[PDB]
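Engineer: Right, I'll just put the structure down here and ask away after.
Note that each Cβ is placed from the backbone with ideal geometry, even for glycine, and that neighbours are counted across all protein chains shown. Since every read-out is calculated from the coordinates, none of them should be taken as a lab result.
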Amino acid sequence: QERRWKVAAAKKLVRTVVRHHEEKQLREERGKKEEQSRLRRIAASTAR
Amino acid sequence: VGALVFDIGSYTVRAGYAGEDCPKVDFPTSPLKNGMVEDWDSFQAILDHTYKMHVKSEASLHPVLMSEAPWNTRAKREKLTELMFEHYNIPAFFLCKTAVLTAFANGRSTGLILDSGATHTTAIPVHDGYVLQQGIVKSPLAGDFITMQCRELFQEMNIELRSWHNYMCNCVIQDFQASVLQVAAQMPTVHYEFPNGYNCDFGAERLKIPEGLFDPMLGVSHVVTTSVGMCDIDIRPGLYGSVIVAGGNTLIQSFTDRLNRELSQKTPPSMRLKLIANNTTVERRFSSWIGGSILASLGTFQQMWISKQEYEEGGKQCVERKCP
Amino acid sequence: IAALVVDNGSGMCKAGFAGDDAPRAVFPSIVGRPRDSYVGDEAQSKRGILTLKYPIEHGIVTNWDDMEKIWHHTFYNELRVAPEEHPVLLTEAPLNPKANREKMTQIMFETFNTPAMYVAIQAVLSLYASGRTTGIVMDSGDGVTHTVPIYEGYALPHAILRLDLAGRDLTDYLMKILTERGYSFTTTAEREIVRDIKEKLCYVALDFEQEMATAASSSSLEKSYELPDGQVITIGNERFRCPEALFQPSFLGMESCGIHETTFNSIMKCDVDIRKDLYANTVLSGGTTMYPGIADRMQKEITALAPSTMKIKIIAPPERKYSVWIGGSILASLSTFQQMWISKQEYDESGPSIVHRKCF
C-alpha cells in the first residue's frame, strides 16, 4: 500500500507544480495586456 | 508664465509660446541625424541657447512642452525628462509625437500624416490621437536626397555652389528647390539668378530632380499605401479621407497635387481619399508647432503635463506613463 | 511566522526562506577547529587558530558536531531568526544511508526543536524549479556528480549513477596544469585564485582537437588575467583543457565513462518506453557548470551518440546555480505540501524512523 501511495503523492505534486507555472505565465501575459489596454484608455482620455 | 512650445525638428527648430500663433524663433537645428538626440551635450547646449538667446527667458519659470519623433526610442524620452528636469528645473513638462501635433494642428485626430526632415520621410497613421507604431513606414527618400540631386546637378553645372560655407552650400540647394523644382518635357523654364548673378536655363532638371522621391527605394506613394496595409483593416477608410502633409521638405510645386493623383490611382477609386491642403510653407513649417501650441494652451493641459512634482516622486518612468 | 529553506551545497551552504528568490545567506561550507570552532568564512577569517574543515565530504556528512555548529552559527548570525517557530526544510543527495537521515532528523528535533520538518532530494527539487514533468536530471553539483532519471516526480534509486567529480576536482586539475605551465599554486588563496581564473576565462571546447590547433595557432585563446599580485597569465589551451576531462577521465589518470557517456548509460538503465521523452527532457546542474560551449557541445555529443531517431531537446537553464534552493522555496510555498510537514510531537510519538515512514 505504501508503494501504491507514494507514487500517487509524486503525481499530484507534479500536477500542482505544472499548474502553478501555468498561472504564473498567464498572469504575466494578462498583466501586460491590461497595461497596454490602460495606456490606450488614457490615450482615449486625451481623445476625450 | 505663458506656456512655451518648442519644436526641435531635425533641420530647423521652431520655438514659441503656446498662446501665440507662430513660433517666434525658427532657426536651423546636428544632434538629430537619425531623428533622435544623438549628442545630449550639443542637444543640451542648443536648448540652452534657446532659452537664453532665442526667447530670452529662464526655463525655470514657464511651463515647457517638447515634441518628439514617432519612431524615437524610449531611452531618449527617459533621458530627455532626466536631462530636462535636472538641468533646467521646469515646473511642468510634456512630450508628444510630432505627427500627433500635426493632426492636432489640422484639427483632425484620426488621420494619416506625411512629413520629411533630415534624412527621413515617413508615413504615420494616427487613430484617435494614438500613433500606430506598427503602421509607421520610414523611407530615406527625404528632401535631403532631392537636394543632393540638386547639389550634384549643380556640380555638373560646375558652379561654385568654414562650416558656414557648407551652410550656404546647403541653403542654396534648398532655396533653388522652392523656386524651381516642380513635379524638353518641361518647356522653357525660369531664369533663377544666384546672389553673384550666375544662373542657367534650368530645364528638365526641375522635373527630373523631384521625381526621385517617386522614382529615384520606396516612393512616398509606396510608403503610404503600405503603411495603411500594415494598420488595422476597417479604419483604413478613415485614414484615406484624412491624409495630411506637413514639413518644409514637402514644399515642392504640384507636389501635393501629384500625390493626390498617385494615391487616387493607387487607392481603390470607390474610396473617399482626400488630402488636406496645408500646402503653404507657413502651414507646413508651423503645422507641428501649431498643434503643440494648441495642446499646451488648452484648459485640460492643466492636468496633462508631468509637473515638476511628478519628477521628484518618480524618476524617468513618468515619461512612459503621462505621455501616450 | 516564517518559512525556512536550507540548501546545503557540496562545499557552500546557501539558505533562505520560502517565497524568496535567492538564499538569505551564502558562504562556503567549511568548519574551523581550534588546535571555539567557527563556521565557514567565520573560521576562515581566523585561520591562525582555526583550521579549515569540510563536513560535507564527498558530498556526505563527516561529524554531526560540525554541521550542528554550522547551523548554530547560521541561525545565530546569518539568519538571526528563531527557526523553532517555523518549518525546517532540508535536502540531501540521493542514495543517502538511512543512518544519516535518522541522525539529522534527531539532531533537528532535539538540538533545535523546530516544529515542522521535511526532507527531499536536491535533484528533484531542482527539477521542480525547472517546471517539467518527466525527464532525466544531471547532477553536475559542486563536489559530487549524479544522474537522476526522474519520472512523474518520482525517481528510481537503482537507475541513478554516482561520481565524486565536480568543481573541486576540476579546479585541482586546472591548478595542476597551470603549475605545469610554469606557475605555482599551493595554499588556499592559490586554490581560490585558480577557481577565479576558471570562472573568468575557462570554457568548454567544441572540437577539442581543432581547439588545440587554434590555441597553439590563434593566440586569441591565450588571454591575459590580472592575478591578485597583478601578475598577467597567458591562458590558451588551458582555458578548456580541464573541462574536456569531464568527457575524458584519462585527463586526470582516471578511467570511466564521460559525462554524456554516463548519461547514456543511465538512460539505458531506465525503461526504453520513455527514453525519447527523457532525451527531450535533458537537465543541467551546478553554478560551477555554466561554462561557455558546454550546453551546445553536450547537445552535439548526445545527438551523435544518442540515436537521432529520438528527439534530443536539451535544457540548460543559465540560472541553475540555485535550482535546488529555488525549487525548495517553490515547494515550501505550496498549499498541499503544508499538510505534509512533520511535527515535533509526531517525532515524540514515533521516533526518528517516522521520517522513513513518511518523509518521502
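Engineer: Give me the dipole magnitude in Debye, nearest 20, for the range B:1-133 about the Cα centre, with unit charges on the beta carbon: positive for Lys and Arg, negative for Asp and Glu.
Structural biologist: Value, rounded to 20: 180 debye.
Engineer: If you plug each phi of the range C:19-30 into the Karplus form 6.51 cos²θ - 1.76 cosθ + 1.60 with θ = phi - 60°, what whole-Hz ³J(HN,Hα) values come out, in order, with x for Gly and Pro?
Structural biologist: x, 5, 7, 10, x, 4, 10, 9, 5, x, 9, 10
Engineer: Separation of the range C:74-152 and the range B:256-276 by C-alpha centroid, Å?
Structural biologist: Centre-to-centre (Cα) distance: 73 Å.
Engineer: For the range C:165-256, compute Rh as the Kirkwood radius over C-alpha pairs and then the Stokes-Einstein diffusion coefficient at 37 °C and 0.692 mPa s; write the answer in µm²/s, rounded to an integer.
Structural biologist: Answer, rounded: 244 µm²/s.
Engineer: For the range C:125-140, just list the computed ³J(HN,Hα) in residue order, Karplus coefficients 6.51, -1.76 and 1.60, θ = phi - 60°, integers in Hz, with x standing in for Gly and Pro.
Structural biologist: Couplings: 5, 4, 4, 3, 4, 6, x, 8, 8, 10, x, 10, 9, 9, 9, 6 Hz.
Engineer: Charges on Cβ only, +1 for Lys and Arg, -1 for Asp and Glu, centred on the Cα centroid of the protein assembly as shown; of B:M217, C:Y151, B:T280, which one is farthest towards the dipole's positive end?
Structural biologist: Comparing the listed Cα positions along the dipole, C:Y151 ranks first.
Engineer: No solvent, one uniform scatterer per C-alpha: report log10 I(q)/I(0) for the range B:1-116 via the Debye equation at q = 0.14, 0.19, 0.22 1/Å, two decimals.
Structural biologist: Results for the range B:1-116 at q = 0.14, 0.19, 0.22 Å⁻¹ read -0.56, -1.09, -1.48.
Engineer: Residues with amide H under 5 Å of B:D7's amide H, sequence separation 5 or more or different chain, H placed in the peptide plane at 1.01 Å from N; which?
Structural biologist: For B:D7, whose amide H was placed from the backbone, the distant partners under 5 Å are B:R14, B:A15, B:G16.
Engineer: Can you compute the radius of gyration and Dmax for chain B, using only the Cα atoms, both in Å?
Structural biologist: Over chain B's Cα set, Rg and Dmax evaluate to 20.4, 67 Å.
Engineer: If one computes the Cα centroid of the range A:7-33 and of the range B:17-64, what distance in Å separates the two points?
Structural biologist: That distance is 53 Å.
Engineer: How many times 2.2 N^0.38 Å is the alpha carbon radius of gyration of the range B:174-310? Let's see the in-between values first.
Structural biologist: On the way: Rg = 19.6 Å, N = 137, 2.2 N^0.38 = 14.3 Å.
Compared with the compact-globule rule of thumb, the range B:174-310 sits at 1.37.
Engineer: Could I ask something else about it? Find the eigenvalues of the gyration tensor of the Cα atoms of the range C:258-300, then list the square roots of 5 times those eigenvalues as equivalent ellipsoid semi-axes, largest first, in whole angstrom.
Structural biologist: The three semi-axes for the range C:258-300 are 22, 11, 10 Å.
Engineer: In addition: Check C:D139: other-chain or 5+ apart residues with amide H under 5 Å from its amide H, H built from backbone geometry?
Structural biologist: For C:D139, whose amide H was placed from the backbone, the distant partners under 5 Å are C:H146, C:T147, C:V148.
Engineer: Report the FRET efficiency, 1/(1 + (r/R0)^6), for B:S254 and C:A316, where r is their Cβ-Cβ distance and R0 is 51 Å, rounded to 0.05.
Structural biologist: Result of the calculation: an efficiency of 0.25.
Engineer: Starting from the amide H of C:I60, placed 1.01 Å from N in the peptide plane, find each other amide H under 5 Å away whose residue is 5 or more places distant or on another chain.
Structural biologist: HN-HN under 5 Å from C:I60: empty list.
Engineer: Spelling out what I want: for every residue of the range B:274-286, take phi, set θ = phi - 60°, compute 6.51 cos²θ - 1.76 cosθ + 1.60 (Karplus), and round to whole Hz; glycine and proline get x.
Structural biologist: 8, 9, 8, 8, 8, 6, 4, 3, 4, 4, 5, 5, 9
Engineer: Let me ask something else about it. Determine, from the Cβ-Cβ distance of A:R3 and C:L52 and an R0 of 56 Å, the FRET efficiency 1/(1 + (r/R0)^6), rounded to the nearest 0.05.
Structural biologist: 0.80
Engineer: A further question on this structure: Let me know the charge dipole size of the protein assembly as shown about its Cα centre in debye, to the nearest 20, where only the beta-carbon of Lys, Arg (+1) and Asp, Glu (-1) is charged.
Structural biologist: Once rounded to the nearest 20, the dipole reads 1820 debye.
Engineer: Need one number: % antiparallel among DSSP beta bridges in the protein assembly as shown, to the nearest 5.
Structural biologist: Roughly 70 percent of the beta bridges in the protein assembly as shown run antiparallel, per DSSP.
Engineer: So which trypsin sites (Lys or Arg not before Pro) in the range C:239-336 are both in a DSSP loop and have at most 16 other Cβ atoms within 10 Å of their Cβ?
Structural biologist: Within the range C:239-336, the qualifying trypsin sites (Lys or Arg not before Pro) (loop, at most 16 other Cβ atoms within 10 Å) are C:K311, C:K313.
Engineer: Only four residue types carry charge here, +1 at the Cβ of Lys and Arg and -1 at the Cβ of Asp and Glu. Report the dipole size of the range B:3-58 about the Cα centre in Debye, rounded to the nearest 20.
Structural biologist: Here the range B:3-58 has a charge dipole of around 100 debye.
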